[PDB]
Amino acid sequence: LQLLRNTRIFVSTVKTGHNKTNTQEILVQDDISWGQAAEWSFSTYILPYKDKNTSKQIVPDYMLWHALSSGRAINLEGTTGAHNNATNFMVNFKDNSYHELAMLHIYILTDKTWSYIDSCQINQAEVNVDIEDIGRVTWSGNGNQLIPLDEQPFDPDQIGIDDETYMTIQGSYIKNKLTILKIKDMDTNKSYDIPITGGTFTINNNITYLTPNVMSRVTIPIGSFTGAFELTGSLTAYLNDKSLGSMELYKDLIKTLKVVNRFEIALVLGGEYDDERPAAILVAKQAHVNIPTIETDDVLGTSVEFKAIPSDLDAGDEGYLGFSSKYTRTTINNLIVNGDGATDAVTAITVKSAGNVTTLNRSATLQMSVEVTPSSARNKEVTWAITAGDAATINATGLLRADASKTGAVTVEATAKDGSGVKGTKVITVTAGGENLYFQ
Amino acid sequence: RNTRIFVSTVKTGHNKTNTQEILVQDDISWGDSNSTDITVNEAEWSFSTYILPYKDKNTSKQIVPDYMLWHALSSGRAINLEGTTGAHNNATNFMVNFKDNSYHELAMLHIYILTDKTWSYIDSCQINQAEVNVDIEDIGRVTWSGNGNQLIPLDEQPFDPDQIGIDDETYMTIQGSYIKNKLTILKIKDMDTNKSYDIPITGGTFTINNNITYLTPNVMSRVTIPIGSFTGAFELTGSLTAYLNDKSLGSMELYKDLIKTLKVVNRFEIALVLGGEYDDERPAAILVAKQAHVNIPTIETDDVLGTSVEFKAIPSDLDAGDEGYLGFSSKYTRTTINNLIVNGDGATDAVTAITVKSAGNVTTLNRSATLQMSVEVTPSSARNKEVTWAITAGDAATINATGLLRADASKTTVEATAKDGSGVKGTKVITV
Ligand SMILES: [Cl-]
Ligand SMILES: [Cl-]
Ligand SMILES: [Cl-]
Ligand SMILES: [Cl-]
Ligand SMILES: [Cl-]
């Protein structure tokens, strides 16, 4: 028996001196449970919008995203935890190696009565990717204790969401009923866009609470400790020739999965388009992906299980998130490549030769160069290789040297150094040359 | 929490006939899920259960452990499982129809709540709505929503919950009664053409809504108003997601023919079969709507994500209460599902084949001579074996209401169609 009451939830980093910097209202759904270590749970939606004061992309529950991801104090202008800019609101786990993550106090106003949960830790965020309910997040955690309050700890109307912001938030839902699991083998650069109809992904901190009231002579400086950071997903896809685009894509994906288990993935809630639209993205640069029944095409769709893995034990790079009300294919690609929608990734490389010559005599040298698109790209540097032929070699600085005796076509390849995997090529043919050579 | 919910038609004299335990899935809210509106302006409950059909030990009849909710949703009369309306059953299936729902107030229930050794009850409840889940991974979940007059705490137990409630033997039977086959089929049929299609459903819901309006209480009437609420328009609708392509239906012919029929046909006889249909006895829950409006707008456009299917069941006439009906069983087959669709009961045999006969087996009717035509209807157990008579691809023959056949003036095939509603036909070719 759950009595449904008019409830308002607020989270704070403080117990006194509450203001709009350290406290925020949380727009919880009808499913909200708490009791008594105290345990709590509630849901919200990923609702990205333009903050009026800063003009930056934000979510109305950013303090929860921060507390899930970091042990430091909030700094939206930084590069870790919850952080943002005019292109997107971001979250990363690079600053999560702490016994205790950033502490929150959950204030509950219900039927003119106040209470609060003192000293909370956000253990888990489960994100829904069901096409009919995209971006629902179920938050769960614990608190040291639930305490009734005799009066208002602060003015909820002042501290809470104002009418103007509430209306903006209500129009910020990810409404496009589509999710795409983008999967890329970084060794071959083979990519696939898998439509997702069902499932969830979970960010779990595996927190262990210490049994309180166990008398210690010297106070134990933590009330709990984080466990292994786990970023996983259990999805359902509609995988076949039609859904991927062609029978060759589908056959190539089956071939790839037989020999490749590690991929760079991106789960795009709301899909990706060339015009500015809302989306929430989860990126895992090195994920273990399992699609066992790929060759079985059935009405239940196909199971896709993933486990994001860090590069090193405590790198905190298992994955990261990006949310915006105005994402595009371009800024989603930026997020996937660089970790930020605002940081331009390389999109195209045109290889050029000195004088636009397509031939080169034996023993001569030819300087190659690149025209990298877009010019706003963060890192425009390239690596140089010969991918076809043997009549020339190339320097690390793109100086092509024709062999002194060999002849033939060579394919010069420039590859982006920024993680995009973008390549550009030029064919140069080494020619014999008119030099009057003689037998000595 | 360890909450136990019971529903009853009475406030005293509780027994196993008038009271039953309800196996609620996860809490009963009391604020919730589209309940009643309140007229003459100057409370809501909600919980979920599963459709769990099983054989009752005492009667050997098919039943569900929440039959009193199905009865209260569908009827204003007292419960009578041996009847033909509301919640009713037999050895083949548990059924629900809406033929006895033309009442201001439907059958009242009292919801008793035992939670942490503390009792309370919601006095005088109306079931406004039942929303049934057709998601392949959670088939047959029902979300019930309604209103009551007030929630009242109780100082002592109103009855012994262990005697009134579900016993260990029945509980175990119920726990093995889930519709486990992850498949749903929306069977649609154009009754004019007899063209039928089995559309696989992967998601959605159907809703049975009573549109109840509660009267604002504590309103001074000189003569007491004898109702506290009134039912509105009975609405049976669904919003589904179908897997509709060349391979899902069975062939590209079927898919192309379904697109054709939808462009010119809006009204169909539909059956939503939760759990699928097979030739061996298996559990299933079926919703039938004999006169439904069906809309699949993106049938062509959609290729492989999912196709929206919206339907609205419509009665045959005013106050008929025949918008649709339900049938549940732990042992349904395609044969007894077909009986439910045709006759409203899995136990009532529908016609499956008709062989057209003559006086003997004579085909030599040459000119202006009378010949009595007859039928051999299969199965012999069919309830209604009556047939209508017509002339299909006929040159100069005449047919009456009975089986009499004659061709006048030496001018130079006969078809029997079941009255039953099955649409089964049989023919015979005559010489002339
Ligand atoms: Cl800090
Ligand atoms: Cl972090
Ligand atoms: Cl936390
Ligand atoms: Cl040249
Ligand atoms: Cl030369």
# chains A, B, ... in the order shown; residues from 1 in each chain; ligands from 1
$ residues_near_ligand --ligand "ligand 4" --cutoff "6 Å" --atoms "only C-alpha atoms and all ligand atoms" --output "PDB file with N, CA, C and O atoms, in the first residue's frame"
ATOM      1  N   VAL A 357      51.143  17.175 -59.100  1.00  0.00           N
ATOM      2  CA  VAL A 357      51.714  16.218 -60.023  1.00  0.00           C
ATOM      3  C   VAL A 357      51.204  14.852 -59.590  1.00  0.00           C
ATOM      4  O   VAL A 357      50.997  14.635 -58.404  1.00  0.00           O
ATOM      5  N   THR A 358      50.983  13.957 -60.554  1.00  0.00           N
ATOM      6  CA  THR A 358      50.524  12.599 -60.293  1.00  0.00           C
ATOM      7  C   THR A 358      51.611  11.576 -60.585  1.00  0.00           C
ATOM      8  O   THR A 358      51.405  10.390 -60.349  1.00  0.00           O
ATOM      9  N   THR A 359      52.774  12.045 -61.080  1.00  0.00           N
ATOM     10  CA  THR A 359      53.913  11.208 -61.400  1.00  0.00           C
ATOM     11  C   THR A 359      55.165  11.744 -60.745  1.00  0.00           C
ATOM     12  O   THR A 359      55.243  12.928 -60.414  1.00  0.00           O
TER      13      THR A 359
END
$ residues_around --residues "residue B:23" --least-positions-apart "2" --cutoff "7 Å" --atoms "only C-alpha atoms" --output "ChimeraX atom specification"
/B:21,25,49
$ select_by_dssp --residues "stretch 34-115 of chain A" --states "strand (DSSP E or B)" --output "number ranges by chain"
A: 34-35, 38-45, 49-50, 57-58, 81-84, 89-92, 104-110, 113-115
$ select_by_dssp --residues "stretch 257-338 of chain A" --states "helix (DSSP H, G or I)" --output "ChimeraX atom specification"
/A:257-259,329-338
$ closest_residue --among "B:250, B:31, B:238, B:315" --to "chain A" --atoms "only C-alpha atoms"
B:31
$ residues_near_ligand --ligand "ligand 2" --cutoff "12 Å" --atoms "only C-alpha atoms and all ligand atoms" --output "PyMOL selection string"
chain A and resi 65-76+78-83+90-98+101-102+229+314-321
$ residues_around --residues "stretch 7-13 of chain A" --least-positions-apart "3" --cutoff "6 Å" --atoms "only C-alpha atoms" --output "VMD selection string"
chain A and resid 22 to 26 104 to 110
$ closest_atom_pairs --of "chain A" --to "ligand 5" --cutoff "7 Å" --atoms "only C-alpha atoms and all ligand atoms" --output "tab-separated table"
residue	atom	partner	partner_atom_place_in_ligand_line	distance
A:433	CA	ligand 5	1 (Cl)	4.1
A:434	CA	ligand 5	1 (Cl)	3.7
A:435	CA	ligand 5	1 (Cl)	6.5
$ write_last_selection --atoms "N, CA and C atoms" --output "PDB file, in the first residue's frame"
ATOM      1  N   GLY A 433      61.828   8.228 -66.146  1.00  0.00           N
ATOM      2  CA  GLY A 433      62.519   9.512 -66.210  1.00  0.00           C
ATOM      3  C   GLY A 433      63.447   9.576 -67.395  1.00  0.00           C
ATOM      4  N   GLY A 434      63.585  10.771 -67.975  1.00  0.00           N
ATOM      5  CA  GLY A 434      64.393  10.969 -69.185  1.00  0.00           C
ATOM      6  C   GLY A 434      65.899  11.124 -69.041  1.00  0.00           C
ATOM      7  N   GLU A 435      66.439  11.023 -67.793  1.00  0.00           N
ATOM      8  CA  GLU A 435      67.874  11.143 -67.478  1.00  0.00           C
ATOM      9  C   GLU A 435      68.664  10.206 -68.374  1.00  0.00           C
TER      10      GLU A 435
END
$ interface_residues --of "chain A" --to "chain B" --cutoff "7 Å" --atoms "only C-alpha atoms" --output "PyMOL selection string"
chain A and resi 1-5+238+242-243
$ residues_around --residues "residue B:251" --least-positions-apart "6" --cutoff "12 Å" --atoms "only C-alpha atoms" --output "list in words"
residues 197, 198, 244, 245, 257 and 258 of chain B
$ atom_distance --atom1 "atom CA of residue B:187" --atom2 "atom CA of residue B:352"
17.3 Å
